Amino acid sequence: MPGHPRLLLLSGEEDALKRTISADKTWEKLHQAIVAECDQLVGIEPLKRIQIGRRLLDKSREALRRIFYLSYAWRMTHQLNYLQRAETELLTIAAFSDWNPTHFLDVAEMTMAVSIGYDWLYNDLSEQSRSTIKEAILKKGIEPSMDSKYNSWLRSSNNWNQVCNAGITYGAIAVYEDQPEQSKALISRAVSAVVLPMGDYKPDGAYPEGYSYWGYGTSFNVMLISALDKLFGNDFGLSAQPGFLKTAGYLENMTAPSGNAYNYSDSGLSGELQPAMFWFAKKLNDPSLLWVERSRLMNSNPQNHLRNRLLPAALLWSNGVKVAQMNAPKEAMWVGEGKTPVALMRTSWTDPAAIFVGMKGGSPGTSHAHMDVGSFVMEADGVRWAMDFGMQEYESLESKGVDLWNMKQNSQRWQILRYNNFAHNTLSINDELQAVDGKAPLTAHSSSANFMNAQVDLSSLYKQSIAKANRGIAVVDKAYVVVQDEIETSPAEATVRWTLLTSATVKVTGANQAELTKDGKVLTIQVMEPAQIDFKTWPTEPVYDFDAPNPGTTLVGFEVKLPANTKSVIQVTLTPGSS
Ligand SMILES: [Ca+2]
Ligand SMILES: [Ca+2]
Ligand SMILES: [Ca+2]
Ligand SMILES: [Mn+2]
């Protein structure tokens with residue numbers, strides 16, 4: 001086993017790292033931003049153990065950012081200021097009464113922070129500082145993780161399992177020589193337990209909870225795998241778990257030409273630089289996975305990156321990648337199954353005016369899901385024409401007493417305007433909510449250049465009102481988008497509402513035609529089937545006083561009555577003015 005440092009970057013490996021960083025202007029400017037941020041940190045006071053409510057998490061995360069940055073800077077520059085400032089942070093945190101195990105993410109992230117510093121600075125620390133820091137890792141990090149009242153995340157399939165197993169494993173590695181049998185058992189515990197959350201990447205790497213939740217668990221899962229690879233030369237089969245390595249392709253393709261994500265489920269629009277993407281691109285020897293991160297590294301203010309507590313890992317995993325001279329990905333379509341299937345289609349990775357469609361199957365009962373099954377977003381000519389409201393801020397909803405996290409059919413969650421199907425780009429039948437027990441599979445797809453498409457079976461989402469419902473969405477002739485619903489009624493008639501949510505200005509120019517205008521661009525909505533419709537708009541204003549305002553948005557669409565015992569088609573085309 002390597003001695004210290006044994007986490008992520010071994011004893012002499014900074015020298016080769018320096019060479020690749022000096023050979024790339026983009027990596028060099030990131031490295032220098034970190035070094036200059038460390039110069040500022042030298043003059044900033046150590047953290048205090050002050051919670052916000054039940055959580056110390058803001059402090060544990062800042063501790064990770066400070067100690068990772070300073071420890072990286074010390075190993076790369078050997079500036080004494082960085083060593084001493086990091087040591088002061090480590091001794092301060094070691095003196096905390098506890099690292100708040102009743103919200104164990106706080107302990108996990110604090111343990112990772114103190115462990116990286118302990119390990120990366122070990123050879124340059126006094127025996128007294130080593131002993132102080134080691135005892136805090138053991139007594140405030142590792143020991144609470146062995147307590148049944150604190151470690152239920154070992155049984156969970158969510159981000160807590162990945163994050164807590166990663167953090168405690170970093171502790172077990174950092175203090176290995178003080179308790180070898182015990183640390184080996186802790187490493188084994190994490191390797192076995194982390195398979196639970198990794199199951200949800202199967203089979204294709206789509207992330208069931210969507211764009212904003214991808215970062216946390218996945219990144220800590222990668223910190224764990226990478227540390228095992230560097231320490232043991234292997235990861236005990238973790239990276240081979242079905243679908244896990246495919247999740248980098250998922251995240252890359254989730255960014256539309258605008259730079260904004262397909263923000264289904266509880267998600268925001270904007271992302272950030274994701275250091276874990278550079279690990280995936282290194283493990284897979286596939287720099288084409290980094291096309292979106294390239295834009296962030298090249299264009300963004302580096303101050304945006306300097307809030308990222310894992311930022312030095314992006315440089316550790318840089319793998320000699322030459323950012324500016326990267327080639328765009330060859331594949332312009334990405335499809336994945338699993339609990340939340342998605343299809344992500346674009347006409348070009350290089351043309352900023354490209355048509356993009358993101359569409360999803362899945363279930364409203366999935367963690368963080370909305371009643372959005374079969375919905376889509378659409379961009380063209382630099383404008384998002386068909387949108388998704390995204391999440392609503394949790395704190396106000398919870399403080400108001402809204403039953404936000406109940407996923408059952410009758411839950412108050414679905415009385416939140418932004419979360420039910422009347423505000424998403426999909427069907428509502430008989431004025432009903434979607435069935436939360438519904439699960440729409442992706443049944444077929446093609447990346448054919450003139451007919452890129454995907455199809456989902458929506459029947460179980462409308463089980464009580466119709467016999468069958470299938471939806472296809474396609475990009476046709478690289479020129480327009482078609483949304484096609486095929487509905488088979490039961491022996492009862494059904495009323496179907498077709499909905500599109502937009503921030504563009506809406507003008508109904510004909511009985512079957514509407515013009516959307518935004519940012520000096522135009523898109524035309526044409527209802528091809530049925531031939532006879534009454535175009536409508538619906539307000540996006542709050543319905544309940546806990547609904548957030550939605551200024552500048554409009555719902556447009558129509559309703560069709562479908563007779564009993566019939567097979568019917570609804571077909572709508574979306575044609576950019578460029579087309
Ligand atoms: Ca000693
Ligand atoms: Ca999960
Ligand atoms: Ca409003
Ligand atoms: Mn939504």
# chains A, B, ... in the order shown; residues from 1 in each chain; ligands from 1
>>> residues_around(residues="residue 10 in chain A", least_positions_apart="4", cutoff="10 Å", atoms="only C-alpha atoms", output="ChimeraX atom specification")
/A:2-6,14,120,230-231
>>> select_by_dssp(residues="range 53-135 of chain A", states="helix (DSSP H, G or I)", output="ChimeraX atom specification")
/A:57-77,80-94,101-103,105-124,127-135
>>> select_by_dssp(residues="range 292-478 of chain A", states="strand (DSSP E or B)", output="PyMOL selection string")
chain A and resi 333-336+342-346+356-360+362+376-380+383-386+427-429+440+442-446+451-457+468-476
>>> closest_residue(among="A:359, A:467, A:475, A:195", to="ligand 4", atoms="only C-alpha atoms and all ligand atoms")
A:359
>>> residues_around(residues="residue 336 in chain A", least_positions_apart="3", cutoff="7 Å", atoms="only C-alpha atoms", output="list in words")
residues 204, 205, 206, 341, 342 and 343 of chain A
>>> residues_around(residues="residue 266 in chain A", least_positions_apart="4", cutoff="10 Å", atoms="only C-alpha atoms", output="CSV table (one decimal) with C-alpha atoms, in the first residue's frame")
chain,number,residue,atom,x,y,z
A,209,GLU,CA,-34.1,12.2,-10.5
A,210,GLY,CA,-32.9,14.3,-13.4
A,211,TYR,CA,-30.3,17.0,-14.0
A,212,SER,CA,-29.8,18.8,-10.7
A,213,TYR,CA,-29.6,15.7,-8.5
A,367,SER,CA,-38.4,10.4,-6.4
A,368,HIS,CA,-38.5,14.1,-7.2
A,369,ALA,CA,-40.8,13.5,-10.2
A,370,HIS,CA,-43.6,15.7,-11.7
A,389,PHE,CA,-41.3,25.2,-15.1
A,390,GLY,CA,-38.7,23.3,-13.2
A,391,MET,CA,-38.6,23.0,-9.4
A,392,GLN,CA,-40.1,25.4,-6.9
A,393,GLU,CA,-38.1,26.5,-3.9
A,394,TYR,CA,-38.6,23.9,-1.2
A,418,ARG,CA,-45.6,23.7,-11.4
A,419,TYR,CA,-45.8,20.0,-10.5
>>> closest_residue(among="A:451, A:558, A:176, A:546", to="residue 404 in chain A", atoms="only C-alpha atoms")
A:546
>>> closest_residue(among="A:480, A:414, A:280, A:236", to="ligand 4", atoms="only C-alpha atoms and all ligand atoms")
A:414
>>> residues_near_ligand(ligand="ligand 3", cutoff="6 Å", atoms="only C-alpha atoms and all ligand atoms", output="list in words")
residues 540, 541, 542, 549, 550 and 551 of chain A
>>> closest_residue(among="A:194, A:444, A:166, A:228", to="ligand 2", atoms="only C-alpha atoms and all ligand atoms")
A:194
>>> residues_around(residues="residue 338 in chain A", least_positions_apart="5", cutoff="10 Å", atoms="only C-alpha atoms", output="PyMOL selection string")
chain A and resi 199-208+243+361-362+441-442
>>> residues_near_ligand(ligand="ligand 2", cutoff="7 Å", atoms="only C-alpha atoms and all ligand atoms", output="PyMOL selection string")
chain A and resi 157-159+197+200
>>> write_last_selection(atoms="C-alpha atoms", output="mmCIF file, in the first residue's frame")
data_model
loop_
_atom_site.group_PDB
_atom_site.id
_atom_site.type_symbol
_atom_site.label_atom_id
_atom_site.label_comp_id
_atom_site.auth_asym_id
_atom_site.auth_seq_id
_atom_site.Cartn_x
_atom_site.Cartn_y
_atom_site.Cartn_z
ATOM 1 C CA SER A 157 -30.402 3.756 -2.454
ATOM 2 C CA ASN A 158 -30.102 7.546 -2.599
ATOM 3 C CA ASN A 159 -27.304 10.126 -2.671
ATOM 4 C CA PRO A 197 -27.576 3.525 -5.179
ATOM 5 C CA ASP A 200 -30.453 3.124 -10.316
#
>>> residues_around(residues="range 35-52 of chain A", least_positions_apart="4", cutoff="7 Å", atoms="only C-alpha atoms", output="list in words")
residues 31, 56, 59, 69, 70, 73, 81, 82, 85, 89, 92 and 96 of chain A
>>> write_last_selection(atoms="N, CA and C atoms", output="short mmCIF file (atom, residue, chain, number, x, y, z; two decimals), in the first residue's frame")
data_model
loop_
_atom_site.label_atom_id
_atom_site.label_comp_id
_atom_site.auth_asym_id
_atom_site.auth_seq_id
_atom_site.Cartn_x
_atom_site.Cartn_y
_atom_site.Cartn_z
N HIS A 31 -5.80 26.35 -12.89
CA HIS A 31 -4.83 26.14 -11.82
C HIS A 31 -4.44 27.46 -11.17
N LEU A 56 -25.02 21.36 9.84
CA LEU A 56 -23.70 21.96 9.72
C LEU A 56 -23.17 21.90 8.29
N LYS A 59 -20.87 24.46 6.49
CA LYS A 59 -19.51 24.52 7.00
C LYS A 59 -18.68 23.33 6.54
N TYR A 69 -8.51 22.83 -1.71
CA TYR A 69 -7.81 23.85 -2.50
C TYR A 69 -6.42 24.09 -1.95
N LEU A 70 -6.32 24.34 -0.64
CA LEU A 70 -5.02 24.64 -0.02
C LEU A 70 -4.08 23.45 -0.08
N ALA A 73 -2.77 23.32 -3.54
CA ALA A 73 -1.82 24.40 -3.79
C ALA A 73 -0.48 24.12 -3.11
N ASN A 81 2.87 29.23 3.25
CA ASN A 81 1.58 29.83 3.61
C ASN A 81 0.41 28.85 3.46
N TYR A 82 0.41 28.05 2.39
CA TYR A 82 -0.72 27.17 2.14
C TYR A 82 -0.73 26.01 3.13
N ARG A 85 -1.77 27.53 6.63
CA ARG A 85 -3.18 27.91 6.66
C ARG A 85 -4.08 26.69 6.68
N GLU A 89 -6.72 25.38 9.60
CA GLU A 89 -8.10 24.94 9.39
C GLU A 89 -8.32 23.54 9.95
N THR A 92 -8.50 23.63 13.72
CA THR A 92 -9.74 24.26 14.15
C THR A 92 -10.89 23.27 14.09
N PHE A 96 -13.76 21.06 16.99
CA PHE A 96 -15.22 21.09 17.05
C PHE A 96 -15.72 20.01 18.02
#
>>> residues_near_ligand(ligand="ligand 1", cutoff="9 Å", atoms="only C-alpha atoms and all ligand atoms", output="list in words")
residues 127, 128, 130, 131 and 178 of chain A
>>> closest_residue(among="A:93, A:248, A:345, A:138", to="residue 332 in chain A", atoms="only C-alpha atoms")
A:345
>>> closest_residue(among="A:397, A:9, A:416, A:225", to="ligand 4", atoms="only C-alpha atoms and all ligand atoms")
A:416
>>> decode(residues="range 522-554 of chain A", atoms="N, CA and C atoms", output="tab-separated table (two decimals), in the first residue's frame")
chain	number	residue	atom	x	y	z
A	522	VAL	N	-39.30	33.59	-34.50
A	522	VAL	CA	-40.69	33.14	-34.63
A	522	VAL	C	-40.71	31.63	-34.76
A	523	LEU	N	-41.75	31.02	-34.19
A	523	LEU	CA	-42.03	29.61	-34.39
A	523	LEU	C	-43.53	29.46	-34.59
A	524	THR	N	-43.92	28.61	-35.53
A	524	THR	CA	-45.32	28.42	-35.87
A	524	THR	C	-45.80	27.06	-35.39
A	525	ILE	N	-46.90	27.06	-34.64
A	525	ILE	CA	-47.57	25.85	-34.19
A	525	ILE	C	-48.71	25.57	-35.15
A	526	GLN	N	-48.72	24.37	-35.72
A	526	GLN	CA	-49.79	23.98	-36.64
A	526	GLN	C	-50.39	22.66	-36.18
A	527	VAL	N	-51.69	22.67	-35.90
A	527	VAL	CA	-52.41	21.46	-35.54
A	527	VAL	C	-52.86	20.81	-36.84
A	528	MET	N	-52.24	19.69	-37.18
A	528	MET	CA	-52.56	18.97	-38.41
A	528	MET	C	-53.73	18.02	-38.20
A	529	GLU	N	-53.80	17.36	-37.05
A	529	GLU	CA	-54.88	16.47	-36.68
A	529	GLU	C	-55.21	16.73	-35.22
A	530	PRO	N	-56.51	16.83	-34.86
A	530	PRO	CA	-57.67	16.83	-35.75
A	530	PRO	C	-57.70	18.07	-36.64
A	531	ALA	N	-58.43	18.02	-37.75
A	531	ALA	CA	-58.54	19.21	-38.58
A	531	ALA	C	-59.34	20.31	-37.88
A	532	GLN	N	-60.27	19.94	-37.00
A	532	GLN	CA	-61.18	20.89	-36.36
A	532	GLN	C	-60.78	21.03	-34.90
A	533	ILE	N	-60.22	22.19	-34.53
A	533	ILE	CA	-59.91	22.47	-33.13
A	533	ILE	C	-60.21	23.93	-32.82
A	534	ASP	N	-60.38	24.20	-31.53
A	534	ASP	CA	-60.52	25.56	-31.00
A	534	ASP	C	-59.28	25.85	-30.16
A	535	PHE	N	-58.37	26.65	-30.71
A	535	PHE	CA	-57.16	27.00	-29.96
A	535	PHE	C	-57.53	27.74	-28.69
A	536	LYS	N	-56.83	27.43	-27.60
A	536	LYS	CA	-57.09	28.05	-26.30
A	536	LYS	C	-55.77	28.44	-25.66
A	537	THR	N	-55.84	29.39	-24.74
A	537	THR	CA	-54.75	29.59	-23.79
A	537	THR	C	-55.32	29.44	-22.39
A	538	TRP	N	-54.44	29.08	-21.46
A	538	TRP	CA	-54.81	28.98	-20.07
A	538	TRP	C	-53.81	29.79	-19.26
A	539	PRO	N	-54.24	30.39	-18.16
A	539	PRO	CA	-53.33	31.21	-17.35
A	539	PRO	C	-52.33	30.37	-16.57
A	540	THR	N	-51.14	30.94	-16.37
A	540	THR	CA	-50.12	30.34	-15.52
A	540	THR	C	-50.03	31.02	-14.15
A	541	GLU	N	-50.98	31.90	-13.82
A	541	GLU	CA	-50.97	32.58	-12.53
A	541	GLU	C	-51.18	31.56	-11.40
A	542	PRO	N	-50.80	31.91	-10.17
A	542	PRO	CA	-51.03	30.99	-9.05
A	542	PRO	C	-52.49	30.60	-8.92
A	543	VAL	N	-52.71	29.35	-8.51
A	543	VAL	CA	-54.03	28.88	-8.11
A	543	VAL	C	-54.19	28.88	-6.60
A	544	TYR	N	-53.14	28.47	-5.89
A	544	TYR	CA	-53.09	28.53	-4.44
A	544	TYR	C	-52.03	29.53	-4.01
A	545	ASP	N	-52.16	30.01	-2.77
A	545	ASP	CA	-51.22	31.03	-2.32
A	545	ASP	C	-49.81	30.49	-2.11
A	546	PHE	N	-49.60	29.18	-2.19
A	546	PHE	CA	-48.25	28.63	-2.15
A	546	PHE	C	-47.65	28.44	-3.54
A	547	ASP	N	-48.42	28.69	-4.60
A	547	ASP	CA	-47.86	28.66	-5.95
A	547	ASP	C	-46.98	29.87	-6.19
A	548	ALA	N	-45.78	29.64	-6.73
A	548	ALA	CA	-44.91	30.76	-7.08
A	548	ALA	C	-45.42	31.45	-8.34
A	549	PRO	N	-45.21	32.76	-8.45
A	549	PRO	CA	-45.58	33.47	-9.69
A	549	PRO	C	-44.84	32.92	-10.91
A	550	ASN	N	-45.51	33.00	-12.06
A	550	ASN	CA	-44.93	32.56	-13.33
A	550	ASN	C	-45.04	33.66	-14.38
A	551	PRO	N	-44.45	34.83	-14.13
A	551	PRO	CA	-44.60	35.95	-15.07
A	551	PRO	C	-44.00	35.63	-16.43
A	552	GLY	N	-44.68	36.12	-17.47
A	552	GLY	CA	-44.18	36.00	-18.82
A	552	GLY	C	-44.36	34.64	-19.47
A	553	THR	N	-45.20	33.78	-18.89
A	553	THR	CA	-45.44	32.45	-19.44
A	553	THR	C	-46.90	32.30	-19.81
A	554	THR	N	-47.15	31.39	-20.75
A	554	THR	CA	-48.46	31.12	-21.32
A	554	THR	C	-48.59	29.62	-21.57
